[PDB]
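Quick heads-up: it's one chain on its own, the form deposited in one PDB entry, in structure tokens.
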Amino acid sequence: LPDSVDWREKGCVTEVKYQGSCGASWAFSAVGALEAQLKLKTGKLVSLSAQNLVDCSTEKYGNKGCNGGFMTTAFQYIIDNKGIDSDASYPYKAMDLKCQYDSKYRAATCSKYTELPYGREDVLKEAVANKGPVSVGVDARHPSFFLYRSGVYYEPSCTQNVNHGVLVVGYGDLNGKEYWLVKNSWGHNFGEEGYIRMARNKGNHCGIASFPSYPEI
């Protein structure tokens, strides 16, 4: 509906996190989505525990901690577990730890998650506008990605084999170039203060709408 959305303008996006050498982007992506939803429901913006998912959403959800995982099953874990701690209560260590969940510090819950149709950029656009930030994967395995500083990112060698979880917090257009506003988990010195604008409506560029999902409370 709207031509541009930026969920940061609604106070629904916490600060950019730094995953370090641990391959937990799936966890950062999951919590980012849930953070927006928690804001929408309580009015509170609070960073959720990515480590909680790293240590606790393991084998049963096909997730392998610092060796990767799934935002959808991360959500299921939250549902099954009936909660997730705040990042403050269960801090990010960038490494596998025994599950240390503790209900005393639960900061959010999830009732259901919803996955969008493969490659459908119009459907993702609608979800982003109407539901909130959406968890997606991208193919980030190109020097071009690590090195992005500014502008609308387009990589000719990008494929639809996603390998990095990120968070679509909006969309818009930069002088005729439609993009998806992506929150990364590579710290504030990546791209535009930790964000990247990736080509939108360019044939599911880097698999951005290949595997999208968002939770609900």
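The numbering used is simple: start at 1 and walk along the sequence shown.
Trainee: Return whichever of 155-163 and 173-181 has the greater mean Cα B factor according to the PDB record.
Mentor: Comparing 155-163 with 173-181, the higher average CA B-factor belongs to 173-181.
Trainee: State which stretch shows the higher mean Cα B factor in the entry: 144-152 or 37-45.
Mentor: So the stretch with the higher mean C-alpha B-factor is 37-45.
Trainee: Using only the C-alpha B-factors in the record, can you name which of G65, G32, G187, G191 has the highest?
Mentor: The record points to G65.
Trainee: Determine which member of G119, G83, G132, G137 has the highest CA B-factor, using the values in the deposited entry.
Mentor: Each of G119, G83, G132, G137 was compared by C-alpha B-factor; the highest is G83.
Trainee: Using the B-factor values recorded in the entry, state whether the Cα atom of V128 falls in the lowest, middle or highest third among the modelled residues of its chain.
Mentor: According to the entry, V128 has a C-alpha B-factor in the chain's middle third.
Just so it is clear, the following notes concern the form solved in complex with a small molecule, a form of the same protein that is not shown.
Trainee: Could you check which residue among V162, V152, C158, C56 gets a heavy atom within 4.5 Å of the small molecule in the entry with it bound?
Mentor: Of the listed residues, the single hit is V162.
Trainee: Can all three of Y61, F70 and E115 be found with a heavy atom no more than 4.5 Å from the small molecule in the entry with it bound?
Mentor: Spot residues vs the small molecule: full contact, yes.
Trainee: Consider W26 of the chain shown here, and say whether it contacts the small molecule in the entry with it bound, taking contact as heavy atoms within 4.5 Å.
Mentor: Close contact exists here: in the entry with it bound, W26 approaches the small molecule to within 4.5 Å, heavy atoms only.
Trainee: Though only this chain appears here, would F211 touch the small molecule in the entry with it bound if you measure heavy atom gaps against 4.5 Å?
Mentor: Heavy-atom contact with the small molecule at 4.5 Å: present for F211.
Trainee: Could you tell me if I78 has a non-hydrogen atom within 4.5 Å of the small molecule in the entry with it bound?
Mentor: Taking the distances in the entry with it bound, the answer for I78 is no, it never comes within 4.5 Å of the small molecule.
Trainee: Just checking whether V136 would be counted as a contact of the small molecule in the entry with it bound - the rule being heavy atoms within 4.5 angstroms.
Mentor: Although the small molecule is absent here, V136 would touch it in the entry with it bound, with heavy atoms inside 4.5 Å.
Trainee: So if I measure heavy atom distances to the small molecule in the entry with it bound, which of the stretches 82-90, 136-144, 121-129, 99-107 falls within 4.5 Å?
Mentor: It is the stretch 136-144.
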